[PDB]
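Peer 1: Chains as they are written, first to last, in the authors' numbering: chain A, 2 to 336; chain A', 2 to 336. A prime marks a further copy of an entry chain. C-beta: ideal position from N, C-alpha, C; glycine also.
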Ligand SMILES: NC(=O)c1ccc[n+]([C@@H]2O[C@H](COP(=O)([O-])OP(=O)(O)OC[C@H]3O[C@@H](n4cnc5c(N)ncnc54)[C@H](O)[C@@H]3O)[C@@H](O)[C@H]2O)c1
Ligand SMILES: NC(=O)c1ccc[n+]([C@@H]2O[C@H](COP(=O)([O-])OP(=O)(O)OC[C@H]3O[C@@H](n4cnc5c(N)ncnc54)[C@H](O)[C@@H]3O)[C@@H](O)[C@H]2O)c1
Ligand SMILES: O=c1ccn([C@@H]2O[C@H](COP(=O)(O)OP(=O)(O)O)[C@@H](O)[C@H]2O)c(=O)[nH]1
Ligand SMILES: O=c1ccn([C@@H]2O[C@H](COP(=O)(O)OP(=O)(O)O)[C@@H](O)[C@H]2O)c(=O)[nH]1
Ligand SMILES: [Mg+2]
Ligand SMILES: [Mg+2]
């Protein structure tokens, strides 16, 4: 069973690549290294002892994607490729819509052309906007998205649903990730974006090891216990295993939706505290204005994935922080 | 004042081109002739005595669109280019999403690059799905779209809104057209799609003049007085004038939404009857199954456009049918 992983050098992909390779799947990566290093795929190979067939380029490049499908016999696709920062998306809507919508459209056109009809799409808790209920289930209504990133994910989910209307032999799996954090236990692979990290924990990790000065906490006036945002942090290794569970267990046509989270919500300040516990020292932080597009609180009821896929995310916030710091300590400038 | 009209050779565009040129605007067309003839632009020039600067190609072709903006000083863009059949869209979602979303994205990227920040977008009553209330106003909630065409229009409206969030110096005008019908009074220009017409009235016109055999009426079990679909038919010349009214009256930043309709709803059978009155003979029709994606009834309250733009569509269903038949009689195979 051969899996094409778009955005295959990124944070969640490389963890997923490991878990697929350890289960005996063959993995192919396409990535443009906009937010990742090719060295990450060398580290996947080192950890697993297994190859990742590497393609370098853009998923919007039809000729490149044609080559990928012509040269390989692909069973499944996991589509991670995308731009993913809520705040940046508000400032750069056309960059987000172009990259995110058109990568998906070029991919689907090539998949259809080759009769490859099994996809896992990397969706997001942001599709729920301001959550109609907490904890969020797969029955919680979607919409009211607050930012072009989240909007783009909901748009893509609808595109994919309409592919299955038009050709119900597809298997579409919409995985709504909450907030993945942490690093492979080896410390040889972890989160390493380009530029200043946009997500909270890679930033916090870098402040903890002295590579950045101060955690910027975006807003303390949300309707939450301490006023900072609340999120369902999930260990990236657990999230990676969730993808393997889909491919192990779903071998029929249909549209399948899962929330992938822990059901444990932590505030920004609580995250910092977990890191301070892992580091054994204070981690400087400052209260800053709200970041556009952020909502107050979102966390998952992941019952459905446990029943249907046999999967549960049980690594803890301390496992997340410790594994993150292990990676960052051993690799302070990343790859 | 120079107006770029994408899809500039199509049905509504060519009527609009006339009305702009008669008011002293300069017009530039980009079209790929997927659903139109270049001869239509010759007929615009003949009627007006004025030139249309013609570009042949795809709005998704960034190099072509760069040439258009580099070679011309554009004030306004009217973005008509799109695929527009509700039923076809259900069968061909990726064709629709690619053409419709990516044309809009390439256009916006080039417009931003050249600081051209005034757009009229061709939107649709389909964005309201099954209407929450009748008649529909601009306060009627959008969503619940039933088909990828309508979905694509609502998606594009959101993209455009997010452009204005990111750069509020834009002028975004979202015109939700109802159902345009008819032809310029000269009979030298009218609706001439490629292949079998997808819209009701060009099909009916062709049956009336003996070029098609039988009107296919899609469904007679809707919750309407006679069971067939009900729509707000608007004369294409009135609709064209509505575009000129926008450009004449809006010269400030912001997002402006208008429903463009008559407020008069007619069933499919009523449309056929108007054509039979115009033709002086029965026009054969058969009841067929529902077309996927169609809803029962939609018609507009266009108060807001009358107040804000000074515009009202008062040509009647008989004006529509007569002008259509005048065109089709004089041009039975179109252009
Ligand atoms: N908190 C999270 O990290 C989170 C939560 C929900 C969903 N997601 C989604 O999961 C996916 C992966 O997230 P991640 O944290 O691993 O981010 P990431 O930035 O590390 O991974 C994405 C990868 O895609 C690549 N890429 C982006 N656009 C591309 C294109 N057009 N062609 C080829 N390569 C492209 C990037 O270079 C990067 O390696 C994204 O779609 C993201 O929106 C992430
Ligand atoms: N009832 C209606 O006709 C109606 C109602 C609401 C909205 N609209 C919208 O108004 C617009 C015009 O409708 P119309 O009836 O004139 O249809 P049309 O098919 O006659 O006009 C559209 C034109 O766009 C061109 N085109 C399409 N994709 C293109 C691309 N990628 N690059 C360049 N050219 C392209 C076609 O060749 C055609 O000439 C469409 O966006 C449509 O969705 C139509
Ligand atoms: O540098 C940062 C990045 C994020 N956050 C906050 O931390 C949480 C998680 O944000 P992130 O960008 O990691 O993920 P998101 O929840 O937007 O997908 C949110 O409440 C953000 O407001 C923060 O305070 N500082
Ligand atoms: O050949 C046709 C085309 C359309 N219709 C019906 O006529 C109305 C207008 O359809 P059209 O495709 O012209 O426009 P739409 O309302 O979908 O934008 C709808 O109720 C359709 O079900 C029909 O019965 N026969
Ligand atoms: Mg091939
Ligand atoms: Mg230029």
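#1: At a cut-off of 7 Å, would you count residue 190 of chain A as near ligand 1, judging by its Cβ distance to the nearest heavy atom?
#2: Less than 8 Å between the beta carbons of residue 61 of chain A and residue 123 of chain A, yes or no?
#3: Note the first and the last residue of the continuous alpha helix (DSSP H) segment covering residue 319 of chain A'.
#4: Could you tell me which residues DSSP pairs with residue 217 of chain A in its beta bridges?
#5: Whose Cβ in chain A lies nearer than 8 Å to the Cβ of residue 175 of chain A'?
#6: In whole angstroms, what is the alpha-carbon distance linking residue 67 of chain A and residue 111 of chain A?
#7: Please list, in chain order, the chain A' residues whose beta carbon lies closer than 7 Å to that of residue 92 of chain A.
#8: When you check each C-beta in the region 149 to 168 of chain A against every C-beta of chain A', which residues fall closer than 7 Å?
#9: Check whether the region 223 to 241 of chain A' touches the region 286 to 297 of chain A', taking contact to mean three or more Cβ pairs, one atom from each stretch, closer than 8 Å.
#10: List the residues of chain A' that residue 98 of chain A touches, going by C-beta distances under 7 Å, in chain order.
#11: At a cut-off of 7 Å, is residue 72 of chain A close to ligand 5 when judged by its beta-carbon and the heavy atoms of the ligand?
#12: Residue range of the alpha helix (DSSP H) that residue 68 of chain A' falls in?
#13: Which residue's Cα is closest to the Cα of residue 255 of chain A: A:207, A:247, A:86?
#14: With 7 Å as the C-beta to C-beta threshold (strictly closer), list the residues of the region 55 to 89 of chain A near chain A' in chain order.
#15: Hey, is residue 13 of chain A' close to ligand 2, as in C-beta under 7 Å from one of its heavy atoms?
#16: Closer than 8 Å is the cut-off here; do at least three beta carbon pairs connect the region 12 to 25 of chain A' with the region 205 to 216 of chain A?
#17: Let me check you understand the geometry: is the CB of residue 10 of chain A' closer than 7 Å to at least one non-hydrogen atom of ligand 2?
#18: Should the region 46 to 61 of chain A' be regarded as contacting the region 303 to 312 of chain A, the criterion being three or more beta carbon pairs within less than 8 Å?
#19: Near residue 86 of chain A', what residues of its chain come up, given a Cβ to Cβ distance below 8 Å and the 5 sequence neighbours on each side ignored?
#20: Considering only their Cβ atoms, is the gap separating residue 280 of chain A' from residue 326 of chain A' smaller than 8 Å?
#21: Mapping the DSSP letters down to three states, classify residue 293 of chain A' as helix, strand or coil.
#22: Do residue 237 of chain A and residue 183 of chain A have their beta-carbon atoms positioned less than 8 Å apart in this structure?
#23: Scan the region 193 to 220 of chain A for residues whose Cβ lies nearer than 8 Å to a Cβ of chain A' and list them as they occur along the chain.
#24: Name the two residues that bound the continuous beta strand (DSSP E) containing residue 266 of chain A.
#25: When you compare each of A':94, A':204, A':24 to residue 335 of chain A' by their alpha carbons, which one comes out closest?
#26: In three-state terms, what does DSSP make of residue 4 of chain A?
#27: Is residue 163 of chain A' near ligand 4, with its Cβ less than 7 Å from a heavy atom?
#28: Determine, using beta carbons only, whether residue 110 of chain A' comes closer than 8 Å to chain A.
#29: Any heavy atom of ligand 1 within a distance shorter than 7 Å of the CB on residue 324 of chain A?
#30: Which residues in chain A sit within 9 Å of residue 300 of chain A', going by Cβ to Cβ distance?
#31: Kindly list the residues whose CB is nearer than 7 Å to the CB of residue 58 of chain A', restricted to its own chain and excluding five residues on each side of it in sequence; keep chain order.
#32: To the nearest angstrom, how far is it from the Cα of residue 139 of chain A' to the Cα of residue 84 of chain A'?
#33: Give me the residue from A':191, A':153, A':159 with the minimum Cα distance to residue 146 of chain A.
#34: CB of residue 33 of chain A to nearest heavy atom of ligand 3: below 7 Å?
#35: Taking its Cβ as the centre, do 16 or more other Cβ atoms sit within 10 Å of residue 282 of chain A, making it buried, or is it exposed?
#36: Residue 113 of chain A touches chain A' at which residues, Cβ-Cβ below 9 Å?
Peer 2: The answer reads as follows:
#1: False, no ligand heavy atom lies under 7 Å from that Cβ.
#2: For residue 61 of chain A and residue 123 of chain A, no; Cβs fall outside 8 Å.
#3: Residue 319 of chain A' -> alpha helix (DSSP H) spans 318 to 331.
#4: Bridge partners of residue 217 of chain A: A:287.
#5: Listed along chain A, no residue sits closer than 8 Å to residue 175 of chain A' by beta-carbon distance, the nearest being about 16 Å off.
#6: Straight-line Cα distance between these residues: approximately 6 Å.
#7: The CB of residue 92 of chain A comes closer than 7 Å to the CB of 167 in chain A', given here in chain order.
#8: Against chain A' - using a Cβ distance shorter than 7 Å - the residues of the region 149 to 168 of chain A are 149, 152, 156, 159, 160, 163, 164, 166, 167.
#9: Touching, per the Cβ criterion.
#10: Under the 7 Å cutoff, chain A' gives 106, 160.
#11: No, the beta carbon of residue 72 of chain A sits no closer than 7 Å to any heavy atom of ligand 5.
#12: Where residue 68 of chain A' is concerned, the enclosing alpha helix (DSSP H) stretches over 63 to 72.
#13: Checking every option, the nearest Cα to that of residue 255 of chain A belongs to A:247.
#14: Residues passing the 7 Å Cβ filter: none.
#15: Shortest gap from the CB of residue 13 of chain A' to any heavy atom of ligand 2: under 7 Å.
#16: The region 205 to 216 of chain A and the region 12 to 25 of chain A' do not touch, with fewer than three beta-carbon pairs separated by less than 8 Å.
#17: Residue 10 of chain A': yes, Cβ under 7 Å from ligand 2.
#18: Result no; under three Cβ-Cβ pairs closer than 8 Å.
#19: The answer, listed in chain order, is 150, 199, 200.
#20: In contact: residue 326 of chain A' and residue 280 of chain A' (Cβ atoms closer than 8 Å).
#21: Looking at residue 293 of chain A' - three-state DSSP - the assignment turns out to be coil, as it is neither helix nor strand.
#22: Between residue 183 of chain A and residue 237 of chain A, the CB-CB gap stays under 8 Å.
#23: Taking 8 Å as the Cβ-Cβ cut-off against chain A', none of the residues of the region 193 to 220 of chain A qualify.
#24: DSSP places residue 266 of chain A in the uninterrupted beta strand (DSSP E) bounded by 266 to 268.
#25: Residue 335 of chain A' has its Cα closest to that of A':204, out of A':94, A':204, A':24.
#26: The three-state reading of DSSP puts residue 4 of chain A in strand, counting E and B together.
#27: No, Cβ of residue 163 of chain A' sits at least 7 Å from all heavy atoms of ligand 4.
#28: For residue 110 of chain A', the answer is yes, since a Cβ of chain A falls inside 8 Å of its Cβ.
#29: Not one heavy atom of ligand 1 is found less than 7 Å from the C-beta of residue 324 of chain A.
#30: Result: empty, since nearest Cβ-Cβ is about 26 Å, beyond 9 Å.
#31: Excluding sequence neighbours, residue 58 of chain A' sits near 31, 33, 65.
#32: In this model, residue 139 of chain A' and residue 84 of chain A' are separated by some 24 Å (Cα to Cα).
#33: Ranking A':191, A':153, A':159 by Cα distance to residue 146 of chain A puts A':159 first.
#34: Residue 33 of chain A Cβ: outside cutoff for every heavy atom of ligand 3.
#35: The residue in question, residue 282 of chain A, is exposed, as its Cβ has fewer than 16 Cβ neighbours within 10 Å.
#36: Those are 95, listed as they occur along chain A'.
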